[PDB]
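Visitor: Below: one structure in structure tokens.
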Amino acid sequence: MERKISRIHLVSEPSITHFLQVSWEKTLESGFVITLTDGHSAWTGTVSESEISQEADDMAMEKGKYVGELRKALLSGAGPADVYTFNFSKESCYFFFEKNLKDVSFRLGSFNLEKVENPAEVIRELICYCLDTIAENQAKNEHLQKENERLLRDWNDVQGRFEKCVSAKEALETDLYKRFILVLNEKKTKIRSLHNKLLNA
Amino acid sequence: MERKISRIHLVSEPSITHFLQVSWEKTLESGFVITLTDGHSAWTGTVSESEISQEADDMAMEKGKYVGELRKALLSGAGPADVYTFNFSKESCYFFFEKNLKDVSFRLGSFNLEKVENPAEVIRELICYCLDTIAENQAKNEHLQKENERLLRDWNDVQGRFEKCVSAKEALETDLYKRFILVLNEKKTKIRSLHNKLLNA
Amino acid sequence: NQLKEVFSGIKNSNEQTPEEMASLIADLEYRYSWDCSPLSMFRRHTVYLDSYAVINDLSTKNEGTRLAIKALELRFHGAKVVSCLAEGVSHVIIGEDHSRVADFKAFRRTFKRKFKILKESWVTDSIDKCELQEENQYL
């Protein structure tokens with residue numbers, strides 16, 4: 001069970017903004033439930049799998065593209081170049097959404113909703129869910145920050161250890177090579193002395 | 001500007017949850033605004049620095065301690081060993097909260113809230129603020145998770161690099177020692193040849 | 001065992017300087033053709049990193065990235081990591097940030113001796129091979 005909340009500004013009433021929550025079990029292919037609210041009244045509707053199939057058949061549109069467009073519009077997936085317009089009529093209890101492109105609008109979907117007996121329950125549930133999600137996000141942020149701090153400390157420890165290793169390697173190399181060059185210089189001096197003695201005799 | 005929402009259960013109606021939001025400019029000491037809503041109607045009130053100071057003086061406690069207790073109560077900061085009772089008389093439009101403690105009720109605060117004629121606007125504003133907060137938290141969490149993944153990858157890379165470096169360090173000494181022994185043996189052969197030539201001469 | 005005992009006999013020797021020690025090491029490698037060893041093959045080449053937000057400044061270190069560990073690995077293998085962009089620099093490594101490639105090219109043109117532009121992935125790939133891969137594929 002997953003629910004997503006979005007804000008829509010109806011062209012009929014641009015000043016006011018409505019909140020629509022869509023709840024689905026696993027995917028929208030099997031339908032879902034949409035609840036629209038304005039702060040004073042609420043409407044509810046169901047788009048169960050049968051309704052989605054009927055709409056797709058009526059529109060003669062591919063199911064994959066249908067679900068993709070639903071993801072883009074209902075879940076607020078619209079891109080920068082994609083604009084969708086929603087219009088809800090309470091007198092007819094209808095709610096239809098379309099896409100505007102190249103100054104021409106293509107109908108995308110239309111549903112029917114029934115006014116709930118009382119909106120207070122819907123408002124309270126929405127606010128409770130929002131607060132719970134905020135608390136969960138706060139907890140996740142704290143945990144991620146602690147993990148990031150631990151990881152940064154570990155990286156600093158690694159850097160220090162590698163610095164120590166490279167310094168030790170360099171020191172060992174220079175010391176051993178200095179000893180070797182000293183020994184070789186002594187050997188070369190002896191070689192030169194022996195060569196001079198051989199030349200003498 | 002800071003705001004904090006919380007859920008409470010009024011003793012008058014222990015069946016629904018009322019959402020109260022406390023908004024303060026910079027700190028709770030300077031004052032705050034309390035807005036309580038049950039999802040249908042909203043009551044707004046304000047408390048200033050003078051009122052808080054008078055309340056602290058009346059109850060004979062330090063201003064800091066009283067402010068801390070007020071934050072613990074209203075802002076949902078209650079710990080494990082504490083409980084508070086909030087009651088709002090709608091007929092008198094009088095809200096007040098007390099600290100229940102082992103069959104002893106202590107009045108903690110009391111305000112007079114005036115019902116607002118447009119609860120829809122405040123409900124929509126609260127919902128919009130919650131949506132913005134959750135969106136910002138989700139974006140921050142995603143960014144932090146990406147940073148953590150990057151740091152983990154870097155840590156694995158550097159750890160493997162250190163493993164290889166330390167593995168090669170031990171063989172470094174053996175290799176240079178073998179090279180030194182080889183060159184010294186060559187010098188040994190040269191000096192032996194020179195000595196043999198000198199003896200022959 | 002004899003060589004170890006002889007080396008242990010010497011007490012200490014700290015009379016030379018890093019430049020003199022590097023020159024002596026390079027001379028020994030050239031004389032005895034010891035350049036085929038897996039390490040110390042970067043000794044003849046000086047290496048620079050783009051770890052500073054502003055070129056030739058010692059107060060803007062960008063520590064906290066993969067560049068530092070890359071430089072440390074290069075130095076361990078034998079590369080001479082130099083902190084001042086002298087005219088004698090021969091190898092320069094630039095990471096994912098290519099903003100200052102033009103400045104590096106201009107500096108290379110100005111300098112009498114040109115240093116080939118190199119990337120961080122080249123050394124990362126070359127460590128496993130322990131050989132100097134052609135820079136034409138990583139310019």
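If you're wondering about the labels, chains in the structure tokens are A, B, ... by order shown, residues count from 1 in each chain, ligands from 1 in order shown.
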Give me the chain C side of the contact with chain A, cut-off 8 Å, one line per residue showing its nearest atom pair and distance in Å at one decimal, counting only C-alpha atoms, sorted by chain and residue number, as JSON lines.
Guide:
```
{"residue": "C:7", "atom": "CA", "partner": "A:179", "partner_atom": "CA", "distance": 6.6}
{"residue": "C:10", "atom": "CA", "partner": "A:179", "partner_atom": "CA", "distance": 7.2}
{"residue": "C:13", "atom": "CA", "partner": "A:178", "partner_atom": "CA", "distance": 6.8}
{"residue": "C:21", "atom": "CA", "partner": "A:174", "partner_atom": "CA", "distance": 7.6}
{"residue": "C:25", "atom": "CA", "partner": "A:177", "partner_atom": "CA", "distance": 7.9}
{"residue": "C:69", "atom": "CA", "partner": "A:159", "partner_atom": "CA", "distance": 7.2}
{"residue": "C:72", "atom": "CA", "partner": "A:166", "partner_atom": "CA", "distance": 7.1}
{"residue": "C:75", "atom": "CA", "partner": "A:166", "partner_atom": "CA", "distance": 7.6}
{"residue": "C:76", "atom": "CA", "partner": "A:166", "partner_atom": "CA", "distance": 5.5}
```
Visitor: Taking every C-alpha atom in sequence order, what RMSD do you get when chain A is least-squares fitted onto chain B?
Guide: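 Per the least-squares fit, the RMSD is 3.8 Å.
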Visitor: Please find the residues of chain B near chain A - the criterion being any atom within 7 Å, counting only C-alpha atoms - and write them as a PyMOL selection string.
Guide: chain B and resi 39-40+120+123-124+130+134+137-138+141+144-145+148+155+162+191+198
Visitor: Skip residue 45 (chain B) itself and residues of its chain fewer than 5 positions away, then list as a JSON list (two decimals) with N, CA and C atoms, in the first residue's frame all residues within 10 Å of it, counting only C-alpha atoms.
Guide:
```json
[["chain", "number", "residue", "atom", "x", "y", "z"],
["B", 22, "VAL", "N", 2.65, 25.70, 16.30],
["B", 22, "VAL", "CA", 3.27, 26.81, 17.00],
["B", 22, "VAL", "C", 4.30, 27.43, 16.07],
["B", 32, "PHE", "N", 5.02, 33.59, 20.42],
["B", 32, "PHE", "CA", 4.64, 32.58, 19.43],
["B", 32, "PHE", "C", 3.19, 32.80, 19.03],
["B", 33, "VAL", "N", 2.77, 32.06, 18.01],
["B", 33, "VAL", "CA", 1.39, 32.03, 17.54],
["B", 33, "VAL", "C", 0.95, 30.57, 17.52],
["B", 34, "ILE", "N", -0.20, 30.29, 18.13],
["B", 34, "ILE", "CA", -0.75, 28.95, 18.25],
["B", 34, "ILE", "C", -1.99, 28.87, 17.38],
["B", 35, "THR", "N", -2.03, 27.91, 16.46],
["B", 35, "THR", "CA", -3.19, 27.68, 15.61],
["B", 35, "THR", "C", -3.62, 26.23, 15.76],
["B", 36, "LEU", "N", -4.84, 26.02, 16.26],
["B", 36, "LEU", "CA", -5.37, 24.69, 16.52],
["B", 36, "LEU", "C", -6.52, 24.41, 15.57],
["B", 95, "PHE", "N", -8.51, 27.99, 25.59],
["B", 95, "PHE", "CA", -7.67, 26.81, 25.55],
["B", 95, "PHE", "C", -6.69, 26.86, 26.71],
["B", 111, "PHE", "N", -4.54, 30.24, 27.09],
["B", 111, "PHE", "CA", -4.72, 31.31, 26.12],
["B", 111, "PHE", "C", -6.18, 31.38, 25.70],
["B", 112, "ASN", "N", -6.53, 32.50, 25.06],
["B", 112, "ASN", "CA", -7.85, 32.71, 24.49],
["B", 112, "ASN", "C", -7.70, 32.77, 22.97],
["B", 113, "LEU", "N", -8.25, 31.77, 22.29],
["B", 113, "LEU", "CA", -8.14, 31.65, 20.84],
["B", 113, "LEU", "C", -9.44, 32.10, 20.19],
["B", 114, "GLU", "N", -9.32, 32.92, 19.15],
["B", 114, "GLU", "CA", -10.47, 33.44, 18.42],
["B", 114, "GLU", "C", -10.63, 32.67, 17.11],
["B", 115, "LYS", "N", -11.82, 32.13, 16.89],
["B", 115, "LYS", "CA", -12.07, 31.36, 15.68],
["B", 115, "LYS", "C", -11.89, 32.22, 14.44],
["B", 116, "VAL", "N", -11.21, 31.67, 13.44],
["B", 116, "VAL", "CA", -10.99, 32.35, 12.17],
["B", 116, "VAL", "C", -12.12, 31.98, 11.22]]
```
Visitor: Please give the complete set of residues from region 27-136 of chain C that DSSP, run on the backbone, assigns to helix (DSSP H, G or I), formatted as a VMD selection string.
Guide: chain C and resid 27 to 32 66 to 77 101 to 110 120 to 129 135 to 136
Visitor: Let's have the selection written as a short mmCIF file (atom, residue, chain, number, x, y, z; two decimals), in the first residue's frame, with N, CA, C and O atoms.
Guide:
```cif
data_model
loop_
_atom_site.label_atom_id
_atom_site.label_comp_id
_atom_site.auth_asym_id
_atom_site.auth_seq_id
_atom_site.Cartn_x
_atom_site.Cartn_y
_atom_site.Cartn_z
N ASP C 27 71.28 7.81 -11.54
CA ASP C 27 72.55 7.42 -12.14
C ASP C 27 72.80 5.93 -11.97
O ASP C 27 73.24 5.26 -12.90
N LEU C 28 72.53 5.40 -10.77
CA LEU C 28 72.72 3.98 -10.54
C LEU C 28 71.80 3.15 -11.43
O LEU C 28 72.23 2.16 -12.04
N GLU C 29 70.53 3.54 -11.52
CA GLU C 29 69.60 2.79 -12.36
C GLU C 29 70.05 2.80 -13.82
O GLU C 29 70.00 1.76 -14.49
N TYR C 30 70.48 3.96 -14.32
CA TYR C 30 70.93 4.04 -15.70
C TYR C 30 72.18 3.20 -15.92
O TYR C 30 72.30 2.49 -16.93
N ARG C 31 73.13 3.26 -14.98
CA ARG C 31 74.38 2.52 -15.15
C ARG C 31 74.14 1.02 -15.14
O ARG C 31 74.71 0.28 -15.96
N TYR C 32 73.31 0.53 -14.22
CA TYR C 32 73.06 -0.89 -14.07
C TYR C 32 71.77 -1.34 -14.75
O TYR C 32 71.38 -2.51 -14.61
N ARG C 66 39.99 11.68 -4.22
CA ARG C 66 40.82 10.59 -4.72
C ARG C 66 42.18 11.07 -5.23
O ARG C 66 43.11 10.27 -5.34
N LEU C 67 42.31 12.37 -5.52
CA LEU C 67 43.57 12.88 -6.06
C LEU C 67 44.70 12.70 -5.06
O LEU C 67 45.84 12.39 -5.45
N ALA C 68 44.42 12.90 -3.77
CA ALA C 68 45.47 12.76 -2.76
C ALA C 68 46.00 11.33 -2.71
O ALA C 68 47.21 11.11 -2.67
N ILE C 69 45.10 10.34 -2.73
CA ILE C 69 45.55 8.96 -2.70
C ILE C 69 46.26 8.60 -4.00
O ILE C 69 47.21 7.82 -3.99
N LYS C 70 45.81 9.15 -5.13
CA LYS C 70 46.51 8.90 -6.38
C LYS C 70 47.94 9.42 -6.32
O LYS C 70 48.89 8.74 -6.73
N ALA C 71 48.12 10.64 -5.80
CA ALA C 71 49.46 11.20 -5.66
C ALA C 71 50.30 10.37 -4.70
O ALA C 71 51.50 10.15 -4.94
N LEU C 72 49.71 9.91 -3.60
CA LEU C 72 50.45 9.10 -2.65
C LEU C 72 50.90 7.79 -3.28
O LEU C 72 52.03 7.34 -3.06
N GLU C 73 50.02 7.15 -4.07
CA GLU C 73 50.41 5.94 -4.77
C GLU C 73 51.53 6.21 -5.76
O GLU C 73 52.49 5.43 -5.85
N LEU C 74 51.43 7.31 -6.51
CA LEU C 74 52.49 7.65 -7.46
C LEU C 74 53.82 7.84 -6.74
O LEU C 74 54.86 7.34 -7.20
N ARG C 75 53.80 8.54 -5.61
CA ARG C 75 55.03 8.76 -4.85
C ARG C 75 55.58 7.45 -4.31
O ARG C 75 56.80 7.22 -4.33
N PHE C 76 54.70 6.57 -3.81
CA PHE C 76 55.16 5.28 -3.30
C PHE C 76 55.83 4.47 -4.40
O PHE C 76 56.88 3.86 -4.18
N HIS C 77 55.22 4.43 -5.59
CA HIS C 77 55.81 3.67 -6.69
C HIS C 77 57.17 4.21 -7.10
O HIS C 77 57.97 3.47 -7.68
N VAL C 101 42.07 23.23 -18.15
CA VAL C 101 42.92 22.60 -19.17
C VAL C 101 43.56 23.67 -20.05
O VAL C 101 44.72 23.54 -20.47
N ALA C 102 42.82 24.74 -20.34
CA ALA C 102 43.37 25.81 -21.16
C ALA C 102 44.56 26.47 -20.47
O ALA C 102 45.57 26.79 -21.12
N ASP C 103 44.46 26.70 -19.16
CA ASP C 103 45.58 27.29 -18.43
C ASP C 103 46.79 26.38 -18.46
O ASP C 103 47.93 26.84 -18.63
N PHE C 104 46.58 25.07 -18.29
CA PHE C 104 47.70 24.13 -18.35
C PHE C 104 48.35 24.13 -19.73
O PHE C 104 49.58 24.11 -19.84
N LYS C 105 47.53 24.17 -20.79
CA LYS C 105 48.09 24.21 -22.14
C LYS C 105 48.88 25.49 -22.36
O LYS C 105 49.95 25.47 -22.98
N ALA C 106 48.36 26.63 -21.88
CA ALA C 106 49.07 27.89 -22.03
C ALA C 106 50.40 27.85 -21.29
O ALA C 106 51.43 28.32 -21.81
N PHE C 107 50.41 27.31 -20.07
CA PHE C 107 51.66 27.20 -19.32
C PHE C 107 52.65 26.29 -20.03
O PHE C 107 53.85 26.57 -20.08
N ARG C 108 52.16 25.18 -20.58
CA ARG C 108 53.03 24.28 -21.34
C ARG C 108 53.63 25.00 -22.54
O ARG C 108 54.83 24.86 -22.82
N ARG C 109 52.82 25.77 -23.26
CA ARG C 109 53.34 26.51 -24.41
C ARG C 109 54.38 27.53 -23.98
O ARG C 109 55.42 27.69 -24.63
N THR C 110 54.13 28.24 -22.88
CA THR C 110 55.07 29.25 -22.41
C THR C 110 56.40 28.62 -22.02
O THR C 110 57.47 29.16 -22.35
N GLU C 120 43.95 10.99 -14.65
CA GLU C 120 44.11 10.17 -13.45
C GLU C 120 43.91 8.69 -13.74
O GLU C 120 44.47 7.85 -13.03
N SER C 121 43.13 8.35 -14.76
CA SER C 121 42.87 6.94 -15.06
C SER C 121 44.10 6.23 -15.62
O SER C 121 44.21 5.01 -15.48
N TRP C 122 45.02 6.97 -16.24
CA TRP C 122 46.19 6.33 -16.85
C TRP C 122 47.02 5.60 -15.81
O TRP C 122 47.37 4.42 -15.99
N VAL C 123 47.34 6.26 -14.70
CA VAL C 123 48.13 5.62 -13.66
C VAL C 123 47.34 4.50 -13.00
O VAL C 123 47.89 3.45 -12.65
N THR C 124 46.03 4.71 -12.80
CA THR C 124 45.20 3.67 -12.20
C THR C 124 45.25 2.39 -13.02
O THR C 124 45.28 1.29 -12.47
N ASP C 125 45.25 2.53 -14.35
CA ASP C 125 45.35 1.35 -15.21
C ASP C 125 46.77 0.80 -15.25
O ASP C 125 46.97 -0.41 -15.34
N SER C 126 47.77 1.68 -15.20
CA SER C 126 49.16 1.27 -15.37
C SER C 126 49.75 0.58 -14.14
O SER C 126 50.70 -0.19 -14.28
N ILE C 127 49.21 0.85 -12.95
CA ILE C 127 49.76 0.21 -11.75
C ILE C 127 49.74 -1.31 -11.89
O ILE C 127 50.72 -1.99 -11.57
N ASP C 128 48.63 -1.86 -12.38
CA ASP C 128 48.53 -3.31 -12.51
C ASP C 128 49.57 -3.85 -13.48
O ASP C 128 50.17 -4.91 -13.24
N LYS C 129 49.80 -3.15 -14.60
CA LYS C 129 50.78 -3.60 -15.58
C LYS C 129 52.21 -3.34 -15.13
O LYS C 129 53.13 -4.01 -15.62
N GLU C 135 51.28 7.28 -23.69
CA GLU C 135 50.43 8.40 -23.31
C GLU C 135 49.53 8.87 -24.44
O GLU C 135 48.64 9.70 -24.20
N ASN C 136 49.72 8.36 -25.66
CA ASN C 136 48.87 8.78 -26.78
C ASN C 136 47.41 8.43 -26.53
O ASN C 136 46.51 9.12 -27.03
#
```
Visitor: As an exercise, work out the distance from CA of residue 24 (chain A) to CA of residue 101 (chain A) in Å and give it to one decimal place.
Guide: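 Separation of CA of residue 24 (chain A) and CA of residue 101 (chain A): 28.5 Å.
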Visitor: Would you mind reading off the distance between CA of residue 48 (chain C) and CA of residue 64 (chain C), one decimal, in Å?
Guide: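 Between CA of residue 48 (chain C) and CA of residue 64 (chain C) the gap is 17.1 Å.
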Visitor: For the strand (DSSP E) assignment from backbone DSSP, which residues of region 8-55 of chain A qualify? Please present them as a list in words.
Guide: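 In region 8-55 of chain A, DSSP puts these residues in strand (DSSP E): residues 8, 18, 19, 20, 21, 22, 23, 24, 33, 34, 35, 36, 37, 42, 43, 44, 45 and 46 of chain A.
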Visitor: Neighbours of residue 43 (chain C) within 6 Å (only C-alpha atoms; same-chain residues fewer than 4 positions away dropped), as a list in words?
Guide: residues 78, 79 and 80 of chain C
Visitor: Got time to write the residues from that selection, N, CA and C atoms, as a PDB file, in the first residue's frame?
Guide:
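Listing of out-v7.pdb after writing:
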```
ATOM      1  N   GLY C  78      57.451   5.484  -6.821  1.00  0.00           N
ATOM      2  CA  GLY C  78      58.745   6.061  -7.130  1.00  0.00           C
ATOM      3  C   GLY C  78      58.661   7.428  -7.776  1.00  0.00           C
ATOM      4  N   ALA C  79      57.454   7.864  -8.121  1.00  0.00           N
ATOM      5  CA  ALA C  79      57.287   9.158  -8.764  1.00  0.00           C
ATOM      6  C   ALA C  79      57.689  10.280  -7.816  1.00  0.00           C
ATOM      7  N   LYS C  80      58.313  11.315  -8.371  1.00  0.00           N
ATOM      8  CA  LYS C  80      58.702  12.493  -7.598  1.00  0.00           C
ATOM      9  C   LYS C  80      57.556  13.494  -7.670  1.00  0.00           C
TER      10      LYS C  80
END
```
Visitor: Write out as number ranges by chain each polymer residue whose atoms come within 12 Å of residue 51 (chain A), counting only C-alpha atoms; drop sequence neighbours fewer than 2 positions from it.
Guide: A: 28-33, 45-49, 53-58, 109-112
